[PDB]
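A.B. asks: Handing over protein32.cif, mmCIF, C-alpha atoms.
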```cif
data_my_file
#
loop_
_atom_site.label_atom_id
_atom_site.label_comp_id
_atom_site.auth_asym_id
_atom_site.auth_seq_id
_atom_site.Cartn_x
_atom_site.Cartn_y
_atom_site.Cartn_z
CA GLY A 1 -37.00 37.57 33.49
CA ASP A 2 -36.96 35.59 30.22
CA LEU A 3 -33.27 34.68 30.42
CA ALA A 4 -33.50 33.61 34.11
CA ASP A 5 -36.41 31.34 33.21
CA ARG A 6 -34.42 29.91 30.30
CA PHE A 7 -31.41 29.14 32.54
CA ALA A 8 -33.64 27.57 35.20
CA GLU A 9 -35.10 25.21 32.59
CA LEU A 10 -31.57 24.20 31.56
CA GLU A 11 -30.88 23.29 35.20
CA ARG A 12 -34.01 21.16 35.46
CA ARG A 13 -33.47 19.35 32.14
CA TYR A 14 -29.78 18.59 32.78
CA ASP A 15 -30.23 18.01 36.53
CA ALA A 16 -27.44 20.52 37.04
CA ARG A 17 -26.34 23.74 38.70
CA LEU A 18 -25.44 26.39 36.11
CA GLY A 19 -23.54 29.64 36.55
CA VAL A 20 -23.24 32.32 33.87
CA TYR A 21 -21.60 35.74 33.72
CA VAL A 22 -21.14 38.14 30.83
CA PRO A 23 -19.80 41.60 31.84
CA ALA A 24 -21.68 44.72 30.80
CA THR A 25 -20.47 46.73 27.82
CA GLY A 26 -21.26 50.26 26.70
CA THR A 27 -24.43 49.00 24.94
CA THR A 28 -25.29 45.75 26.75
CA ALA A 29 -26.34 44.81 30.27
CA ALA A 30 -24.43 42.17 32.23
CA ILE A 31 -25.87 38.66 31.99
CA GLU A 32 -25.83 36.91 35.33
CA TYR A 33 -27.15 33.62 36.67
CA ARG A 34 -25.72 32.26 39.97
CA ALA A 35 -22.84 34.51 39.00
CA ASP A 36 -21.59 35.04 42.56
CA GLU A 37 -21.89 31.39 43.61
CA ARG A 38 -18.68 29.42 43.91
CA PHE A 39 -17.80 26.74 41.38
CA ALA A 40 -14.59 24.70 41.16
CA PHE A 41 -12.04 26.18 38.74
CA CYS A 42 -10.94 22.82 37.45
CA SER A 43 -8.64 23.49 34.47
CA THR A 44 -9.98 27.00 33.85
CA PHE A 45 -7.28 28.28 36.21
CA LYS A 46 -4.63 27.34 33.64
CA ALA A 47 -5.41 30.43 31.55
CA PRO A 48 -4.57 32.98 34.31
CA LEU A 49 -1.73 30.68 35.45
CA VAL A 50 -0.05 31.06 32.06
CA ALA A 51 -0.71 34.79 32.24
CA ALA A 52 1.00 34.96 35.64
CA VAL A 53 4.09 33.17 34.33
CA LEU A 54 4.19 35.34 31.20
CA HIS A 55 3.77 38.51 33.29
CA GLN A 56 6.58 37.84 35.74
CA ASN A 57 9.31 36.97 33.21
CA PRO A 58 10.87 38.09 29.92
CA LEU A 59 9.92 36.31 26.70
CA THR A 60 13.27 34.46 26.82
CA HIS A 61 11.97 32.67 29.97
CA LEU A 62 9.74 30.67 27.57
CA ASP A 63 12.92 28.80 26.63
CA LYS A 64 13.92 27.93 30.17
CA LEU A 65 14.16 24.12 30.49
CA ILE A 66 12.25 22.58 33.42
CA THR A 67 13.34 19.16 34.67
CA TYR A 68 10.88 16.88 36.41
CA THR A 69 10.39 13.24 37.36
CA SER A 70 7.81 10.48 36.99
CA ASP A 71 6.75 11.26 40.56
CA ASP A 72 5.44 14.61 39.29
CA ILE A 73 2.92 12.81 37.10
CA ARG A 74 -0.12 12.13 39.20
CA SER A 75 -2.75 13.58 36.85
CA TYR A 76 -3.77 13.35 33.21
CA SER A 77 -0.69 14.64 31.42
CA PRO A 78 -0.62 13.54 27.75
CA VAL A 79 2.30 15.85 26.89
CA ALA A 80 4.43 15.75 30.05
CA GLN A 81 4.38 11.93 30.12
CA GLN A 82 6.39 11.90 26.86
CA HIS A 83 9.23 14.18 28.03
CA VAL A 84 10.22 13.10 31.56
CA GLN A 85 13.81 12.30 30.54
CA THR A 86 14.46 15.58 28.69
CA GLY A 87 12.34 18.10 30.57
CA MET A 88 10.08 20.68 28.88
CA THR A 89 10.57 24.41 28.41
CA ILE A 90 8.26 26.92 30.06
CA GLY A 91 6.75 27.72 26.66
CA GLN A 92 6.15 24.01 26.00
CA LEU A 93 4.50 23.74 29.44
CA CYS A 94 2.25 26.72 28.69
CA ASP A 95 1.21 25.19 25.37
CA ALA A 96 0.48 21.84 27.03
CA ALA A 97 -1.46 23.41 29.92
CA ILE A 98 -3.69 25.50 27.67
CA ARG A 99 -4.06 23.28 24.63
CA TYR A 100 -4.46 19.88 26.36
CA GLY A 101 -5.04 20.74 30.00
CA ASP A 102 -1.97 18.70 30.83
CA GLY A 103 -2.08 18.52 34.64
CA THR A 104 1.63 18.07 35.28
CA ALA A 105 2.35 21.03 33.04
CA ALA A 106 0.11 23.16 35.26
CA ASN A 107 1.81 21.86 38.43
CA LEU A 108 5.23 22.72 37.02
CA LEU A 109 4.03 26.20 36.05
CA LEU A 110 2.67 26.65 39.60
CA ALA A 111 6.15 25.75 40.90
CA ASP A 112 7.78 28.16 38.44
CA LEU A 113 5.52 30.88 39.80
CA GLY A 114 5.73 30.19 43.53
CA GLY A 115 8.15 27.36 44.25
CA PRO A 116 7.16 23.82 45.20
CA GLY A 117 5.24 24.84 48.34
CA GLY A 118 4.05 28.30 47.39
CA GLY A 119 2.63 27.92 43.88
CA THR A 120 -1.07 27.74 44.67
CA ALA A 121 -0.74 30.75 47.00
CA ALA A 122 1.29 32.62 44.32
CA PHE A 123 -1.34 31.87 41.67
CA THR A 124 -4.11 33.10 43.97
CA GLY A 125 -1.98 36.18 44.61
CA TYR A 126 -1.77 36.91 40.89
CA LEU A 127 -5.58 36.93 40.86
CA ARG A 128 -5.46 39.27 43.92
CA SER A 129 -3.19 41.58 41.91
CA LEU A 130 -5.91 41.68 39.24
CA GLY A 131 -8.50 42.69 41.86
CA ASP A 132 -10.07 39.23 42.22
CA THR A 133 -10.46 38.96 45.99
CA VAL A 134 -12.89 36.01 45.81
CA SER A 135 -11.22 33.15 43.97
CA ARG A 136 -8.87 30.72 45.68
CA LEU A 137 -6.58 27.90 44.64
CA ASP A 138 -5.59 25.70 47.51
CA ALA A 139 -4.52 22.39 45.89
CA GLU A 140 -2.62 21.45 42.76
CA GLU A 141 -3.44 18.71 40.25
CA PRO A 142 -5.29 16.37 40.52
CA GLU A 143 -6.81 17.24 43.91
CA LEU A 144 -8.10 20.65 42.80
CA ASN A 145 -10.78 18.92 40.65
CA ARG A 146 -12.12 16.80 43.49
CA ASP A 147 -13.20 18.97 46.40
CA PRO A 148 -16.65 18.14 47.87
CA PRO A 149 -19.68 20.23 46.81
CA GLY A 150 -20.02 23.24 49.11
CA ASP A 151 -16.32 23.43 49.89
CA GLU A 152 -14.84 26.83 49.06
CA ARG A 153 -11.39 25.39 48.32
CA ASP A 154 -10.25 25.62 44.67
CA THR A 155 -13.24 27.76 43.63
CA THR A 156 -13.92 30.86 41.64
CA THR A 157 -17.22 32.49 40.62
CA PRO A 158 -18.51 33.15 37.10
CA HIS A 159 -18.37 36.86 37.92
CA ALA A 160 -14.81 36.79 39.24
CA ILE A 161 -13.25 34.65 36.52
CA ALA A 162 -14.97 36.60 33.72
CA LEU A 163 -13.47 39.87 35.01
CA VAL A 164 -10.05 38.24 35.28
CA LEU A 165 -10.21 36.91 31.71
CA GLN A 166 -11.44 40.31 30.51
CA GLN A 167 -8.34 42.00 31.90
CA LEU A 168 -6.04 39.35 30.40
CA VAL A 169 -7.49 39.30 26.86
CA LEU A 170 -9.26 42.65 26.37
CA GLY A 171 -7.37 44.77 28.88
CA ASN A 172 -3.74 45.49 29.51
CA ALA A 173 -2.82 43.11 32.32
CA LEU A 174 -0.22 41.86 29.83
CA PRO A 175 1.81 43.77 27.22
CA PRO A 176 0.67 43.09 23.63
CA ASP A 177 3.31 40.48 22.86
CA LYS A 178 2.60 38.38 25.97
CA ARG A 179 -1.14 38.91 25.62
CA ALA A 180 -0.95 37.54 22.05
CA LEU A 181 0.84 34.38 23.25
CA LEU A 182 -1.94 33.66 25.71
CA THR A 183 -4.67 34.41 23.22
CA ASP A 184 -2.92 32.29 20.56
CA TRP A 185 -2.66 29.26 22.82
CA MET A 186 -6.34 29.70 23.73
CA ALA A 187 -7.29 30.14 20.06
CA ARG A 188 -5.44 26.71 19.47
CA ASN A 189 -6.68 24.41 22.28
CA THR A 190 -10.08 22.81 20.36
CA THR A 191 -10.71 20.73 24.25
CA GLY A 192 -13.51 23.43 23.97
CA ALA A 193 -15.24 22.79 20.64
CA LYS A 194 -18.44 21.46 22.22
CA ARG A 195 -18.79 24.24 24.87
CA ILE A 196 -19.05 28.03 24.36
CA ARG A 197 -17.78 27.69 20.76
CA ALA A 198 -20.78 25.45 19.93
CA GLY A 199 -23.20 28.20 21.07
CA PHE A 200 -21.82 31.01 18.89
CA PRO A 201 -22.19 31.31 15.09
CA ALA A 202 -19.08 30.47 13.05
CA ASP A 203 -18.50 34.10 12.03
CA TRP A 204 -17.97 34.99 15.72
CA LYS A 205 -14.41 34.43 16.90
CA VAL A 206 -14.09 32.40 20.13
CA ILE A 207 -11.07 31.68 22.29
CA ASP A 208 -11.56 29.61 25.44
CA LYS A 209 -10.23 27.49 28.27
CA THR A 210 -12.26 24.56 29.58
CA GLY A 211 -12.36 22.78 32.88
CA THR A 212 -13.80 19.38 33.82
CA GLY A 213 -13.81 17.66 37.18
CA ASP A 214 -15.55 15.32 39.57
CA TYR A 215 -19.19 15.79 40.59
CA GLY A 216 -20.07 16.35 36.91
CA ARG A 217 -18.11 19.63 36.82
CA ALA A 218 -17.87 21.24 33.41
CA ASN A 219 -16.80 24.82 32.82
CA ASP A 220 -15.69 27.06 29.99
CA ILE A 221 -14.34 30.64 29.98
CA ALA A 222 -14.15 32.49 26.68
CA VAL A 223 -13.72 35.76 24.91
CA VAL A 224 -15.84 36.18 21.82
CA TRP A 225 -15.90 38.78 19.05
CA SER A 226 -18.85 39.57 16.81
CA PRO A 227 -18.39 39.50 13.00
CA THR A 228 -17.72 43.26 13.22
CA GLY A 229 -15.17 42.92 16.04
CA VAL A 230 -17.31 43.74 19.11
CA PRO A 231 -16.00 41.72 22.11
CA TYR A 232 -17.72 40.04 25.04
CA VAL A 233 -16.47 37.79 27.84
CA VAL A 234 -18.46 34.66 28.67
CA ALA A 235 -18.00 32.45 31.74
CA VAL A 236 -20.14 29.34 32.06
CA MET A 237 -19.73 26.95 34.97
CA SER A 238 -21.68 23.85 35.95
CA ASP A 239 -21.82 20.83 38.17
CA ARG A 240 -24.10 17.79 38.62
CA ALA A 241 -23.17 17.09 42.20
CA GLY A 242 -26.38 15.25 43.05
CA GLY A 243 -25.05 12.31 41.02
CA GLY A 244 -21.99 11.96 43.28
CA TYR A 245 -18.32 12.18 42.46
CA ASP A 246 -18.74 10.14 39.24
CA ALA A 247 -21.71 12.14 37.86
CA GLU A 248 -21.36 12.63 34.11
CA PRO A 249 -20.45 16.17 32.99
CA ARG A 250 -22.73 17.67 30.33
CA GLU A 251 -20.90 19.74 27.74
CA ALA A 252 -24.20 20.38 25.94
CA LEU A 253 -25.46 22.33 28.97
CA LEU A 254 -22.63 24.80 28.40
CA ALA A 255 -23.31 24.98 24.67
CA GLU A 256 -26.96 25.73 25.41
CA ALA A 257 -26.11 28.42 27.95
CA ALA A 258 -23.78 29.97 25.40
CA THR A 259 -26.54 29.78 22.73
CA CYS A 260 -28.83 31.72 25.10
CA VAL A 261 -26.12 34.39 25.54
CA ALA A 262 -25.37 34.57 21.82
CA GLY A 263 -29.05 35.15 21.09
CA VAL A 264 -29.10 38.14 23.46
CA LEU A 265 -25.86 39.62 22.13
CA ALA A 266 -26.56 39.17 18.40
#
```
Is it possible to express this structure as structure tokens?
C.D. replies:
Amino acid sequence: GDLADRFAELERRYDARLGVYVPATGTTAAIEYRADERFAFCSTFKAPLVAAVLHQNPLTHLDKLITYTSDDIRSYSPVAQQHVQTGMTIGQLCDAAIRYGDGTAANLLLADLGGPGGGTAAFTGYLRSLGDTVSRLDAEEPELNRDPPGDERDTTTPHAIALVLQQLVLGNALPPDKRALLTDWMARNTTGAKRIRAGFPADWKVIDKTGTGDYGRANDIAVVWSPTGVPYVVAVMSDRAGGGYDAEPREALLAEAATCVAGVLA
């Protein structure tokens, strides 16, 4: 009752909708708040996207050169903008997608996974293969960040995306080598310093992938480890849709939600 009341007060104070999921462990109950409501992925999908591309190919595929054109840049792409003439390798694209949320990098990874027409379906199908039957990606960048409130397109749920990230980082969806690549890129992003990371004490390890979008959308998905190595998965999702498409996202809402979780888990 206490935690639900705390999350409700966060919603009132930030004029926001908040979703939280933390899976159960052997000694802890699941934490859930709007955990089965749909929220836009925004860039959070880039973490399982990189997993999908790692999964389907040998490590040498990281060195495959991808060519692309200025026409492919229709989203914030601070890395891919600099390399149009030369192309980028798959590994470089993964790094860019995770560490900067480069949009074009994600689009090219989608096309590596499923071809130019089939990538969003292929990505969704990777989630299906991990037993996520809820989430859906229907558009690529930048449109996936812009669907109207209430539209199911390009959404996941805190519950669904937490269980996916759990399998990728704590489970064996990936072999150890590939899993370590994903976790290393996530451990090296910092877009997420002011989100879940800011709610956990410094002696807890945190790896994360953020997402930000229209309608004040701000998300973060993370795996955390206690100072003695005990892991938890934390998905926090939010929007401020009442302010319209240009509503300001509130990173501090996510930090506060994470602080609430950390207090329960400590």
A.B. asks: Do you have the CA of residue 173 (chain A)-CA of residue 130 (chain A) distance handy?
C.D. replies: 7.7 Å
A.B. asks: Select all residues near (-16.0, 41.2, 20.6) (cut-off 12 Å, inclusive, file coordinates), counting all atoms listed in the file, and output them as a VMD selection string.
C.D. replies: chain A and resid 22 to 23 25 166 169 to 170 200 203 to 207 222 to 234 262 265 to 266
A.B. asks: Just the residues within 9 Å of residue 45 (chain A), please, counting all atoms listed in the file, with nothing from its chain fewer than 4 positions along; format it as a PDB file with C-alpha atoms, in the coordinates of the input.
C.D. replies:
```pdb
ATOM      1  CA  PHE A  41     -12.040  26.180  38.740  1.00  0.00           C
ATOM      2  CA  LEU A  49      -1.730  30.680  35.450  1.00  0.00           C
ATOM      3  CA  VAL A  50      -0.050  31.060  32.060  1.00  0.00           C
ATOM      4  CA  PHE A 123      -1.340  31.870  41.670  1.00  0.00           C
ATOM      5  CA  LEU A 137      -6.580  27.900  44.640  1.00  0.00           C
ATOM      6  CA  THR A 156     -13.920  30.860  41.640  1.00  0.00           C
ATOM      7  CA  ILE A 161     -13.250  34.650  36.520  1.00  0.00           C
ATOM      8  CA  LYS A 209     -10.230  27.490  28.270  1.00  0.00           C
ATOM      9  CA  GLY A 211     -12.360  22.780  32.880  1.00  0.00           C
TER      10      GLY A 211
END
```
A.B. asks: Evaluated on this file, the PyMOL selection byres ((chain A and resi 158) around 8) picks out some residues - which ones are they, written as a list in words?
C.D. replies: residues 19, 20, 21, 34, 35, 36, 37, 38, 39, 156, 157, 159, 160, 161, 162, 235, 236 and 237 of chain A
A.B. asks: Pick out the residues sitting within 8 Å of region 179-182 of chain A, and hand them over as an MDAnalysis selection string; count only C-alpha atoms, and ignore anything fewer than 2 positions along from it in its own chain.
C.D. replies: chainID A and resid 47 50:51 168:169 174:177 184:186
A.B. asks: Dump C-alpha atoms for the selected residues as a tab-separated table (two decimals), in the frame of the given file?
C.D. replies:
```tsv
chain	number	residue	atom	x	y	z
A	47	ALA	CA	-5.41	30.43	31.55
A	50	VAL	CA	-0.05	31.06	32.06
A	51	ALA	CA	-0.71	34.79	32.24
A	168	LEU	CA	-6.04	39.35	30.40
A	169	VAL	CA	-7.49	39.30	26.86
A	174	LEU	CA	-0.22	41.86	29.83
A	175	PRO	CA	1.81	43.77	27.22
A	176	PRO	CA	0.67	43.09	23.63
A	177	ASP	CA	3.31	40.48	22.86
A	184	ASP	CA	-2.92	32.29	20.56
A	185	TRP	CA	-2.66	29.26	22.82
A	186	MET	CA	-6.34	29.70	23.73
```
A.B. asks: Could you spell out the hits of the PyMOL selection byres ((chain A and resi 2) around 12) on the shown file, as a ChimeraX atom specification?
C.D. replies: /A:1,3-9,31,33,260-261,264
A.B. asks: Can you list what the PyMOL selection byres ((chain A and resi 190) around 12) grabs from this structure, as a PyMOL selection string?
C.D. replies: chain A and resi 98-101+184-189+191-198+206-210+220
A.B. asks: Pick the closest to residue 239 (chain A) from A:114, A:199, A:149, A:78: which is it, counting all atoms listed in the file?
C.D. replies: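 With all atoms listed in the file as the atom set, the closest residue is A:149.
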A.B. asks: Kindly assemble as a tab-separated table a list of the region 122-203 of chain A residues that lie within 10 Å of region 240-249 of chain A, each paired with its nearest atom pair and their distance in Å to one decimal, using all atoms listed in the file, sorted first by chain and then by ascending residue number.
C.D. replies:
```
residue	atom	partner	partner_atom	distance
A:146	CA	A:245	CA	7.8
A:147	CA	A:245	CA	9.4
A:148	CA	A:245	CA	8.2
A:149	CA	A:241	CA	6.6
A:150	CA	A:241	CA	9.8
```
A.B. asks: Return the single residue from A:163, A:122, A:144, A:42 that is closest to residue 24 (chain A), with distances computed using all atoms listed in the file.
C.D. replies: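 For residue 24 (chain A), the nearest of the given residues is A:163.
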A.B. asks: Pick out the residues sitting within 12 Å of region 65-72 of chain A, and hand them over as a list in words; count only C-alpha atoms, and ignore anything fewer than 6 positions along from it in its own chain.
C.D. replies: residues 80, 81, 82, 83, 84, 85, 86, 87, 88, 89, 90, 91, 92, 93, 94, 102, 103, 104, 105, 106, 107, 108, 109, 111, 112, 116, 140, 141 and 142 of chain A
A.B. asks: What is the distance, in Å and to one decimal place, between CA of residue 46 (chain A) and CA of residue 11 (chain A)?
C.D. replies: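 Going from CA of residue 46 (chain A) over to CA of residue 11 (chain A), I get 26.6 Å.
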A.B. asks: Counting all atoms listed in the file, which residue out of A:40, A:113, A:29, A:62 sits closest to residue 135 (chain A)?
C.D. replies: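 Among the listed residues, the smallest separation from residue 135 (chain A) belongs to A:40.
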A.B. asks: Let me make sure I understand: among A:118, A:171, A:213, A:201, which one has the smallest atom-to-atom distance to residue 258 (chain A) if we use all atoms listed in the file?
C.D. replies: A:201
A.B. asks: Find the distance between CA of residue 218 (chain A) and CA of residue 97 (chain A) and write it in Å to one decimal.
C.D. replies: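 Computed distance, CA of residue 218 (chain A) to CA of residue 97 (chain A), equals 16.9 Å.
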A.B. asks: So, counting all atoms listed in the file, which residue among A:139, A:96, A:252, A:52 is closest to residue 10 (chain A)?
C.D. replies: A:252
A.B. asks: Taking all atoms listed in the file into account, which of A:59, A:75, A:53, A:26 comes nearest residue 126 (chain A)?
C.D. replies: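 When distances to residue 126 (chain A) are compared using all atoms listed in the file, the smallest one comes from A:53.
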